[PDB]
Amino acid sequence: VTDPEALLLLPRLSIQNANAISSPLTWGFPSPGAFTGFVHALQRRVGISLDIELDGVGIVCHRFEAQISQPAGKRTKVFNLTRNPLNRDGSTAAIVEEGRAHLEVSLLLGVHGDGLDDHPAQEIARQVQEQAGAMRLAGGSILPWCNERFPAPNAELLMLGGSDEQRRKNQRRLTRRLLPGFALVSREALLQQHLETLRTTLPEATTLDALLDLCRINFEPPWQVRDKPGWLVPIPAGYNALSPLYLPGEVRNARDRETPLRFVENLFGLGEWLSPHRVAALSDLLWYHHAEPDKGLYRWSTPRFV
Amino acid sequence: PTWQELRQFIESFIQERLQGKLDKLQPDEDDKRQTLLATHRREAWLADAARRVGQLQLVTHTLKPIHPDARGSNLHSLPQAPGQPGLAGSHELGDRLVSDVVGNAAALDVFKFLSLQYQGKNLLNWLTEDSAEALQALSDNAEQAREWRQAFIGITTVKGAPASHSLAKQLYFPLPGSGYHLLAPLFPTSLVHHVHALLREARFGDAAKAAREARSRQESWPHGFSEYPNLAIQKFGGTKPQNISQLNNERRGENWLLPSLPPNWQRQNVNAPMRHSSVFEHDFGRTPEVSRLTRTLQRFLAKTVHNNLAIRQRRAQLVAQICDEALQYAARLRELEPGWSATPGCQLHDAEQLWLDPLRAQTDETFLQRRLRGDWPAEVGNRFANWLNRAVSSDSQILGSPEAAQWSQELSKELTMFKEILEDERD
Amino acid sequence: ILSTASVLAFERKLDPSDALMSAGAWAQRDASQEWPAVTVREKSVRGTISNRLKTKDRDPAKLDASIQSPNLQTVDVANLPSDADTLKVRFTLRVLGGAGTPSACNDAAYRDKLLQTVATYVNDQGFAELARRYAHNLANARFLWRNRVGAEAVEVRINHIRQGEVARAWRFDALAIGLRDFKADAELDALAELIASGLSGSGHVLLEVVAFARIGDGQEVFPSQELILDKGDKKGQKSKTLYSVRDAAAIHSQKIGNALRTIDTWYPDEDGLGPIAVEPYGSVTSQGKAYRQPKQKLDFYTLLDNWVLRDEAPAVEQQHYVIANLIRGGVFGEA
Amino acid sequence: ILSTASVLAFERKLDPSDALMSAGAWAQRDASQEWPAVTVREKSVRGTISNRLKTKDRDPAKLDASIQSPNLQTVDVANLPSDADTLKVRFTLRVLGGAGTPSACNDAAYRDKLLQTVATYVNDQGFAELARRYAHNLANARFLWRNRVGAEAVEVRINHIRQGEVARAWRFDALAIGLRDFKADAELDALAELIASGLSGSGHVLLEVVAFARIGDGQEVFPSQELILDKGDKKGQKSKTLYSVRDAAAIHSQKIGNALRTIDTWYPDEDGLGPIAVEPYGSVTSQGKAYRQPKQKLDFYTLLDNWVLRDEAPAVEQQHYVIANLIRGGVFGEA
Amino acid sequence: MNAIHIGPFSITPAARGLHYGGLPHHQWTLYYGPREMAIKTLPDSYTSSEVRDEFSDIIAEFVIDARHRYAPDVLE
């Protein structure tokens, strides 16, 4: 919703057991809403004391490992589980299938505020790094890099460049820092135009079918494969309204009785993983919240991408 | 139209259920037939159904897939269609909607008593309107018909207070100006059932299996097929999927999650090309991603020009991906040893070694640290361009026409970008 | 009236990393940064029927027919190399601050009462006994589990990482410190002071825990076995599967946490076992029996509602158990 | 009424390792730590028809048609080099102790009764006969299964590894010590006392056992062999796959365990065969017939349910068999 | 069970049954006359359709190789 005055690079963060089930329809890399919520929790915890705002997160995902296995005779996969403790009668409890993933991601954070002029860049960078080293990113603990060879501090780069060439060199150096990974971006325009292409191909086609067609490998008879522009993952694109926004004390057993609750349904969109050298600026990769609370639509996206 | 045919159909349904439970019980004595026909043969069974419709609930989004010791409010609501483009949901389910049933595993019979097609339509939409054939086909008295209609139509409306349990998920969302909403999500079991049905047609359908056999026979077919690789199975009910919901009893567990995976989700290893002559043609080129990219360039090089420039745009994007992977290869070459390029060897591609190992400038103070700074090696991509010249088709029709000119233009532009990327490696 | 909060959830304080397992030689433990990792391999077993028979297949003909059909499985096995008698197990522990602060709470009054109860607990005795027992369970390598059973010598090195360097190095003989006695030692008290300051603090305390076990040359190490459900599939699967991160055998973080939480020596049953893991309703998976039942007034939930709501503060041991549950975490709250 | 527990899981005492086989020469076996490992190479076999026919292909036309077009296979084969006659097999055994205590037990009172039963056994007759027979099965190289059947001379060296150093060395001629007679020898009695001290919990016993067998120059050795589910054609008709850990042939640990457990000379059938491996229902896969069937009251489960549940103590050799089963370990217990 | 005859193909099981995993198994053999092409271990709970679908990929590969091996010559 705003252009960041600076970009803070949180380095390689090893998230231990992240929620591999991103959505009721998708598994794998966690939701971008988890990353945006983590950055908002960082702004809630240490952002206010530094007189800065932390909005917008760019994910690089340097490493992914899924705690999964492939059973013999099946081409699908299953989630490795954890043994929950027994009940009070000594019996095994009912198992809820929860999957885990070891992530290694680096985050670009959009920083704007007067506190950037009040503190050194390395000071606020080290403060938000030591705050983020005791938090969670998708349900997993963050490994804060103890007793390895060379630890990685941040590099907060001011986006108000004095010259266009110096700004370009800063963005290319920051892209070179986060090199072995893929920027995950939102593709609402690509999914909508592919929906229009399928509607010209066949009418009454929903956005779900256009999302599904952009993920399966289509085999065409003369036997070739229908190509895709990018990786084109199905991402959770936010939450849509399923109920009116009830009063803060209205909903029974809410998390807090001061925040209003509204039952939601998952919104599914198309995301794309790209090499981060294929972007004009690294501020395009930032994932922003977008509530629009009168109509539900509690989305996260990448505005100012293309 | 007539109430008499609806009465005949519901009497036939309860008689079929009576003879089914008589065949299941197989009773020949102990007066079990009289007790079976004393409660499931007359209108009082409908009154007994009045004791069963209040327990069941027809829902589209439920909480019971989240931890089964949680008791929340499962609600049947169709979400509004979003005005923003390019995103899907359960709002896309229009007439292709299957409503899940939650409650006891014994009252569910009355669900088909609300899902028959007597006059040609579903009886819940028949009971949502005050029709002339309605309220007479099931009850002789008016007030009994009204209370039976209210109890039978209450299976759609949510019961109890609006509530989400502690074991359910609740996630704060930042408002634009100074606020939060708590936003408890529910499992879209109707949407999950629709996606699972579509995947069933895609993977085990008759037309899909016929297209798979046509692919196996390498013959033509009027339609294609799909594969859906890397699917994940998430069983909700451990040993009792019927306890979750009725739709989860239709598909026993098996959430069938789509692979939203990053491209580095299957990182094999990092290897150092010691005793080899060129990195692009021996080690980097054997990775499967650039393999599929090179086969894609081979397929797109020998093709018609009718969509040419648009295809060329795709081709430009395609060729960009390959040099991206080259940088990605160099990226995982940042994960190797600092001084692997200084090891002994007769041939180890020393022309590319200034870019293969950037960390040897830390190893050698002046033996090779100043060499990469003074040389500024950006011609290596030209060598890679030579390998990329092995990615083009050997067709004289492309060379005669301007297709080779456009290929050389986009190749020169993308290796200009690659050489400019390799130039400022010293910063 | 001080009703209990309907949602009440606590973060996992003392959250460990996955215990990376590597191999080497004893007296080379100082240069253990380049030790090769233990790799999980596959092997085949042909056993014979040795389970109990239910008096319908005990006839000699059917039993001989069952033996005549060969019983085969594939098992994931982790072994030491045949020139490395020492198993090194390394993980990172983050002692998080705000141990008594819940993640979620409905009632503001219940949150204030719980914070006041925890604050009185820190003002009275602190986390000093609990961090002593946590430092004990770090000091003996209980997180090695079956790797600790037949080892010649186990030694635990624990390094406090303040910013990027080892602020304080502790070295413990893990076999000398028992699995059931919680005694007093100066280095153990210093580690207890550090862990209690991390629990009482606002940030986090970072520790690197490495355990070297002299199991034997080429012996079988025991990483955590992965819980994979067969789900009634037709094709036979591998019976035993192990856990690894990247060609490197590992133990799950919850197993290391369960070994770290094995401090509960105050359950009403007899302590023939010794300490058990801090669980609500005192569940022990190795026994199939749950101590600290709610029919007695010593389960975690009734102790919390007595300590917080009705102001019936229990004994100091049960207060230690309650705060150990709060450090452990969990999802609580009636409907 | 003292019902037996649903779970009575026992750990494995006498833990073996994967016995790696290298190659070398006789009279150079003293310096054998540098010996190159036996490689599991590949070769091709042409299989002629040599099995029983099913009284349908017994016609000469179809038999000659099948013989005219035979079938080819690729086998993993492990051989000595043409200049190496001696096979060396190396593994480490770990005698743990605490054999009476089970790892998991649903019933505490049944666990106490079983502990009292094993304690009264040890007070009456400790691990003296059992450790003597285990030292016998180590002394003769029964873990050389088909590497012993035609060996010219087998020599077994057992070194007690204490603090990484050899505490005591044993050197046995494995051909003089038979595979069926359990006689007495002073060095064998010393090894029996060491395994007794290991099994009683009075000491930590790790042994390095190296067996040198004279098979011949280039002769085929017999390591452990893996199961092959699919032969196919992408894999070039792989019919036999032998076990190897890292370019080095090896025997499975459980094969060494089964060879070490061959102490049971007290089954109700005649001992003309000799000892059999200790197992519930005394099963031999090569014989295909269970000695100690559940019908004749001499198997492990009925003897354990008489000795412990109903205090019906069996004979001294039969309670030796029961305690040998407890040393072997298993998933004893009903469902 | 019994052999599955798919044209010239015969899927015949071994008479011996193994117990891979815990479930019983049988080693099913696919022959094109006297030549075997795929020996695969399959459960006894498998139906005949599943045993057919296990070897259907090798069957289709052999069919494709026979089409591309004995294709007639082309005059242009």
# chains A, B, ... in the order shown; residues from 1 in each chain; ligands from 1

$ calpha_fit_rmsd --fixed "chain C" --moving "chain D"
1.4 Å

$ interface_residues --of "chain E" --to "chain B" --cutoff "8 Å" --atoms "only C-alpha atoms" --output "list in words"
residues 57, 60, 61, 63 and 64 of chain E

$ write_last_selection --atoms "C-alpha atoms" --output "PDB file, in the first residue's frame"
ATOM      1  CA  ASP E  57       3.605 -50.477 -18.301  1.00  0.00           C
ATOM      2  CA  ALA E  60       2.993 -51.225 -23.375  1.00  0.00           C
ATOM      3  CA  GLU E  61       6.758 -50.623 -23.532  1.00  0.00           C
ATOM      4  CA  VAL E  63       4.388 -53.155 -27.651  1.00  0.00           C
ATOM      5  CA  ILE E  64       6.001 -49.786 -28.486  1.00  0.00           C
TER       6      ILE E  64
END

$ interface_residues --of "chain A" --to "chain D" --cutoff "12 Å" --atoms "only C-alpha atoms" --output "number ranges by chain"
A: 72-73, 89-91

$ residues_around --residues "segment 8-13 of chain E" --least-positions-apart "6" --cutoff "12 Å" --atoms "only C-alpha atoms" --output "JSON, numbers by chain"
{"E": [1, 2, 25, 26, 27, 28, 29, 30, 31, 32, 33, 34, 35, 36, 37, 38, 39, 40, 41, 42, 43, 44, 48, 49, 50, 51, 52, 53, 54, 55, 56, 58, 59, 60, 62, 63]}

$ interface_residues --of "chain D" --to "chain C" --cutoff "6 Å" --atoms "only C-alpha atoms" --output "VMD selection string"
chain D and resid 17 96 104 to 106 226 280 288 to 289 294 334

$ atom_distance --atom1 "atom CA of residue 276 of chain C" --atom2 "atom CA of residue 102 of chain D"
17.0 Å

$ closest_residue --among "C:202, C:125, C:241, C:71" --to "residue 323 of chain C" --atoms "only C-alpha atoms"
C:125

$ residues_around --residues "residue 267 of chain C" --least-positions-apart "2" --cutoff "7 Å" --atoms "only C-alpha atoms" --output "PyMOL selection string"
chain C and resi 264-265+269+291-292

$ write_last_selection --atoms "N, CA, C and O atoms" --output "mmCIF file, in the first residue's frame"
data_model
loop_
_atom_site.group_PDB
_atom_site.id
_atom_site.type_symbol
_atom_site.label_atom_id
_atom_site.label_comp_id
_atom_site.auth_asym_id
_atom_site.auth_seq_id
_atom_site.Cartn_x
_atom_site.Cartn_y
_atom_site.Cartn_z
ATOM 1 N N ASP C 264 9.600 -34.871 36.483
ATOM 2 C CA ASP C 264 8.467 -35.039 37.392
ATOM 3 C C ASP C 264 8.726 -36.228 38.307
ATOM 4 O O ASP C 264 8.509 -37.380 37.929
ATOM 5 N N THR C 265 9.195 -35.947 39.523
ATOM 6 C CA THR C 265 9.363 -36.952 40.564
ATOM 7 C C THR C 265 8.367 -36.751 41.701
ATOM 8 O O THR C 265 8.645 -37.111 42.846
ATOM 9 N N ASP C 269 1.951 -41.931 42.434
ATOM 10 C CA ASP C 269 2.421 -43.305 42.392
ATOM 11 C C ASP C 269 3.875 -43.374 42.850
ATOM 12 O O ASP C 269 4.578 -42.361 42.929
ATOM 13 N N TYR C 291 -0.110 -41.722 35.171
ATOM 14 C CA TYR C 291 -0.099 -41.267 36.552
ATOM 15 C C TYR C 291 -0.709 -39.871 36.627
ATOM 16 O O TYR C 291 -1.030 -39.262 35.604
ATOM 17 N N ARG C 292 -0.858 -39.364 37.860
ATOM 18 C CA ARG C 292 -1.473 -38.062 38.157
ATOM 19 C C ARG C 292 -2.878 -37.962 37.562
ATOM 20 O O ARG C 292 -3.184 -37.066 36.775
#

$ decode --residues "segment 174-221 of chain B" --atoms "N, CA and C atoms" --output "PDB file, in the first residue's frame"
ATOM      1  N   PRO B 174      -4.353  -7.994  10.366  1.00  0.00           N
ATOM      2  CA  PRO B 174      -4.251  -6.544  10.586  1.00  0.00           C
ATOM      3  C   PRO B 174      -5.149  -5.767   9.635  1.00  0.00           C
ATOM      4  N   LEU B 175      -6.001  -4.925  10.211  1.00  0.00           N
ATOM      5  CA  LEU B 175      -6.799  -3.987   9.447  1.00  0.00           C
ATOM      6  C   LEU B 175      -5.898  -2.888   8.884  1.00  0.00           C
ATOM      7  N   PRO B 176      -6.352  -2.159   7.851  1.00  0.00           N
ATOM      8  CA  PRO B 176      -5.551  -1.012   7.376  1.00  0.00           C
ATOM      9  C   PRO B 176      -5.363   0.073   8.423  1.00  0.00           C
ATOM     10  N   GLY B 177      -6.442   0.572   9.018  1.00  0.00           N
ATOM     11  CA  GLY B 177      -6.273   1.488  10.125  1.00  0.00           C
ATOM     12  C   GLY B 177      -6.647   0.930  11.484  1.00  0.00           C
ATOM     13  N   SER B 178      -5.633   0.514  12.252  1.00  0.00           N
ATOM     14  CA  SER B 178      -5.678   0.280  13.703  1.00  0.00           C
ATOM     15  C   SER B 178      -6.780  -0.703  14.117  1.00  0.00           C
ATOM     16  N   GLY B 179      -6.628  -1.948  13.682  1.00  0.00           N
ATOM     17  CA  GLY B 179      -7.602  -2.953  14.074  1.00  0.00           C
ATOM     18  C   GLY B 179      -7.145  -4.353  13.733  1.00  0.00           C
ATOM     19  N   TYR B 180      -7.901  -5.320  14.252  1.00  0.00           N
ATOM     20  CA  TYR B 180      -7.695  -6.730  13.956  1.00  0.00           C
ATOM     21  C   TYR B 180      -9.039  -7.436  13.882  1.00  0.00           C
ATOM     22  N   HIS B 181      -9.090  -8.495  13.075  1.00  0.00           N
ATOM     23  CA  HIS B 181     -10.209  -9.424  13.038  1.00  0.00           C
ATOM     24  C   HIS B 181      -9.686 -10.831  13.299  1.00  0.00           C
ATOM     25  N   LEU B 182     -10.478 -11.631  14.015  1.00  0.00           N
ATOM     26  CA  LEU B 182      -9.966 -12.881  14.569  1.00  0.00           C
ATOM     27  C   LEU B 182      -9.993 -14.046  13.589  1.00  0.00           C
ATOM     28  N   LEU B 183     -11.007 -14.106  12.721  1.00  0.00           N
ATOM     29  CA  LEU B 183     -11.034 -14.853  11.455  1.00  0.00           C
ATOM     30  C   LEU B 183     -10.750 -16.350  11.633  1.00  0.00           C
ATOM     31  N   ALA B 184     -11.668 -17.029  12.307  1.00  0.00           N
ATOM     32  CA  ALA B 184     -11.550 -18.477  12.464  1.00  0.00           C
ATOM     33  C   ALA B 184     -11.917 -19.180  11.161  1.00  0.00           C
ATOM     34  N   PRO B 185     -11.020 -19.966  10.565  1.00  0.00           N
ATOM     35  CA  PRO B 185     -11.366 -20.688   9.339  1.00  0.00           C
ATOM     36  C   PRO B 185     -12.003 -22.043   9.594  1.00  0.00           C
ATOM     37  N   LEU B 186     -12.876 -22.419   8.666  1.00  0.00           N
ATOM     38  CA  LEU B 186     -13.537 -23.713   8.676  1.00  0.00           C
ATOM     39  C   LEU B 186     -13.117 -24.499   7.444  1.00  0.00           C
ATOM     40  N   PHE B 187     -13.183 -25.818   7.552  1.00  0.00           N
ATOM     41  CA  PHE B 187     -12.739 -26.685   6.470  1.00  0.00           C
ATOM     42  C   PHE B 187     -13.790 -26.733   5.369  1.00  0.00           C
ATOM     43  N   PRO B 188     -13.470 -26.309   4.142  1.00  0.00           N
ATOM     44  CA  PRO B 188     -14.455 -26.342   3.040  1.00  0.00           C
ATOM     45  C   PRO B 188     -14.639 -27.746   2.474  1.00  0.00           C
ATOM     46  N   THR B 189     -15.447 -28.542   3.180  1.00  0.00           N
ATOM     47  CA  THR B 189     -15.630 -29.945   2.819  1.00  0.00           C
ATOM     48  C   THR B 189     -16.397 -30.109   1.512  1.00  0.00           C
ATOM     49  N   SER B 190     -17.272 -29.158   1.176  1.00  0.00           N
ATOM     50  CA  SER B 190     -17.917 -29.177  -0.133  1.00  0.00           C
ATOM     51  C   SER B 190     -16.910 -28.894  -1.240  1.00  0.00           C
ATOM     52  N   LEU B 191     -16.050 -27.894  -1.032  1.00  0.00           N
ATOM     53  CA  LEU B 191     -15.019 -27.561  -2.009  1.00  0.00           C
ATOM     54  C   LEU B 191     -13.980 -28.669  -2.117  1.00  0.00           C
ATOM     55  N   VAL B 192     -13.615 -29.272  -0.982  1.00  0.00           N
ATOM     56  CA  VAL B 192     -12.661 -30.377  -0.978  1.00  0.00           C
ATOM     57  C   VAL B 192     -13.256 -31.598  -1.673  1.00  0.00           C
ATOM     58  N   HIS B 193     -14.552 -31.852  -1.464  1.00  0.00           N
ATOM     59  CA  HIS B 193     -15.228 -32.947  -2.155  1.00  0.00           C
ATOM     60  C   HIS B 193     -15.304 -32.702  -3.658  1.00  0.00           C
ATOM     61  N   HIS B 194     -15.544 -31.451  -4.069  1.00  0.00           N
ATOM     62  CA  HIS B 194     -15.563 -31.115  -5.493  1.00  0.00           C
ATOM     63  C   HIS B 194     -14.189 -31.290  -6.135  1.00  0.00           C
ATOM     64  N   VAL B 195     -13.132 -30.842  -5.450  1.00  0.00           N
ATOM     65  CA  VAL B 195     -11.771 -30.988  -5.963  1.00  0.00           C
ATOM     66  C   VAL B 195     -11.366 -32.460  -6.008  1.00  0.00           C
ATOM     67  N   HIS B 196     -11.775 -33.236  -5.001  1.00  0.00           N
ATOM     68  CA  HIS B 196     -11.461 -34.660  -4.966  1.00  0.00           C
ATOM     69  C   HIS B 196     -12.222 -35.411  -6.053  1.00  0.00           C
ATOM     70  N   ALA B 197     -13.452 -34.982  -6.357  1.00  0.00           N
ATOM     71  CA  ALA B 197     -14.205 -35.576  -7.457  1.00  0.00           C
ATOM     72  C   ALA B 197     -13.557 -35.267  -8.801  1.00  0.00           C
ATOM     73  N   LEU B 198     -13.100 -34.020  -8.984  1.00  0.00           N
ATOM     74  CA  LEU B 198     -12.413 -33.647 -10.220  1.00  0.00           C
ATOM     75  C   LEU B 198     -11.104 -34.410 -10.381  1.00  0.00           C
ATOM     76  N   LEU B 199     -10.374 -34.605  -9.281  1.00  0.00           N
ATOM     77  CA  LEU B 199      -9.150 -35.397  -9.329  1.00  0.00           C
ATOM     78  C   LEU B 199      -9.443 -36.874  -9.566  1.00  0.00           C
ATOM     79  N   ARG B 200     -10.586 -37.369  -9.078  1.00  0.00           N
ATOM     80  CA  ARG B 200     -10.998 -38.740  -9.370  1.00  0.00           C
ATOM     81  C   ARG B 200     -11.282 -38.932 -10.853  1.00  0.00           C
ATOM     82  N   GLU B 201     -11.963 -37.966 -11.479  1.00  0.00           N
ATOM     83  CA  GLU B 201     -12.169 -38.038 -12.926  1.00  0.00           C
ATOM     84  C   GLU B 201     -10.857 -37.879 -13.687  1.00  0.00           C
ATOM     85  N   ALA B 202      -9.928 -37.084 -13.153  1.00  0.00           N
ATOM     86  CA  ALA B 202      -8.664 -36.856 -13.843  1.00  0.00           C
ATOM     87  C   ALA B 202      -7.714 -38.046 -13.753  1.00  0.00           C
ATOM     88  N   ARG B 203      -7.747 -38.802 -12.655  1.00  0.00           N
ATOM     89  CA  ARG B 203      -6.776 -39.869 -12.442  1.00  0.00           C
ATOM     90  C   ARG B 203      -7.335 -41.273 -12.616  1.00  0.00           C
ATOM     91  N   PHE B 204      -8.626 -41.495 -12.352  1.00  0.00           N
ATOM     92  CA  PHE B 204      -9.207 -42.827 -12.459  1.00  0.00           C
ATOM     93  C   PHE B 204     -10.464 -42.857 -13.321  1.00  0.00           C
ATOM     94  N   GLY B 205     -10.733 -41.804 -14.089  1.00  0.00           N
ATOM     95  CA  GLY B 205     -11.876 -41.814 -14.974  1.00  0.00           C
ATOM     96  C   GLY B 205     -11.664 -42.719 -16.173  1.00  0.00           C
ATOM     97  N   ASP B 206     -12.775 -43.051 -16.838  1.00  0.00           N
ATOM     98  CA  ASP B 206     -12.707 -43.927 -18.003  1.00  0.00           C
ATOM     99  C   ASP B 206     -12.065 -43.223 -19.193  1.00  0.00           C
ATOM    100  N   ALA B 207     -12.427 -41.958 -19.424  1.00  0.00           N
ATOM    101  CA  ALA B 207     -11.821 -41.190 -20.509  1.00  0.00           C
ATOM    102  C   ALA B 207     -10.349 -40.908 -20.233  1.00  0.00           C
ATOM    103  N   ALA B 208     -10.010 -40.623 -18.972  1.00  0.00           N
ATOM    104  CA  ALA B 208      -8.618 -40.388 -18.600  1.00  0.00           C
ATOM    105  C   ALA B 208      -7.780 -41.652 -18.742  1.00  0.00           C
ATOM    106  N   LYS B 209      -8.332 -42.808 -18.356  1.00  0.00           N
ATOM    107  CA  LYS B 209      -7.611 -44.066 -18.530  1.00  0.00           C
ATOM    108  C   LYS B 209      -7.485 -44.446 -20.000  1.00  0.00           C
ATOM    109  N   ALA B 210      -8.499 -44.128 -20.812  1.00  0.00           N
ATOM    110  CA  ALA B 210      -8.406 -44.357 -22.252  1.00  0.00           C
ATOM    111  C   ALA B 210      -7.336 -43.476 -22.888  1.00  0.00           C
ATOM    112  N   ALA B 211      -7.232 -42.221 -22.444  1.00  0.00           N
ATOM    113  CA  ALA B 211      -6.178 -41.341 -22.945  1.00  0.00           C
ATOM    114  C   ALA B 211      -4.801 -41.792 -22.468  1.00  0.00           C
ATOM    115  N   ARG B 212      -4.718 -42.336 -21.249  1.00  0.00           N
ATOM    116  CA  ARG B 212      -3.462 -42.900 -20.761  1.00  0.00           C
ATOM    117  C   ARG B 212      -3.045 -44.120 -21.575  1.00  0.00           C
ATOM    118  N   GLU B 213      -4.012 -44.964 -21.948  1.00  0.00           N
ATOM    119  CA  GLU B 213      -3.717 -46.109 -22.803  1.00  0.00           C
ATOM    120  C   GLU B 213      -3.314 -45.667 -24.206  1.00  0.00           C
ATOM    121  N   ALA B 214      -3.933 -44.596 -24.713  1.00  0.00           N
ATOM    122  CA  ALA B 214      -3.555 -44.055 -26.017  1.00  0.00           C
ATOM    123  C   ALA B 214      -2.149 -43.471 -25.991  1.00  0.00           C
ATOM    124  N   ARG B 215      -1.767 -42.845 -24.875  1.00  0.00           N
ATOM    125  CA  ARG B 215      -0.384 -42.413 -24.696  1.00  0.00           C
ATOM    126  C   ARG B 215       0.557 -43.608 -24.616  1.00  0.00           C
ATOM    127  N   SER B 216       0.123 -44.683 -23.952  1.00  0.00           N
ATOM    128  CA  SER B 216       0.950 -45.882 -23.858  1.00  0.00           C
ATOM    129  C   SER B 216       1.050 -46.601 -25.197  1.00  0.00           C
ATOM    130  N   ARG B 217       0.021 -46.498 -26.035  1.00  0.00           N
ATOM    131  CA  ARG B 217       0.061 -47.050 -27.382  1.00  0.00           C
ATOM    132  C   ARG B 217       0.689 -46.098 -28.391  1.00  0.00           C
ATOM    133  N   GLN B 218       1.016 -44.868 -27.965  1.00  0.00           N
ATOM    134  CA  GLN B 218       1.583 -43.803 -28.807  1.00  0.00           C
ATOM    135  C   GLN B 218       0.704 -43.503 -30.020  1.00  0.00           C
ATOM    136  N   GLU B 219      -0.607 -43.505 -29.810  1.00  0.00           N
ATOM    137  CA  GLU B 219      -1.584 -43.223 -30.850  1.00  0.00           C
ATOM    138  C   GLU B 219      -2.316 -41.923 -30.531  1.00  0.00           C
ATOM    139  N   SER B 220      -3.107 -41.461 -31.491  1.00  0.00           N
ATOM    140  CA  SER B 220      -3.876 -40.238 -31.325  1.00  0.00           C
ATOM    141  C   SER B 220      -5.156 -40.513 -30.544  1.00  0.00           C
ATOM    142  N   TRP B 221      -5.724 -39.445 -29.990  1.00  0.00           N
ATOM    143  CA  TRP B 221      -6.936 -39.512 -29.189  1.00  0.00           C
ATOM    144  C   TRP B 221      -7.623 -38.158 -29.274  1.00  0.00           C
TER     145      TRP B 221
END
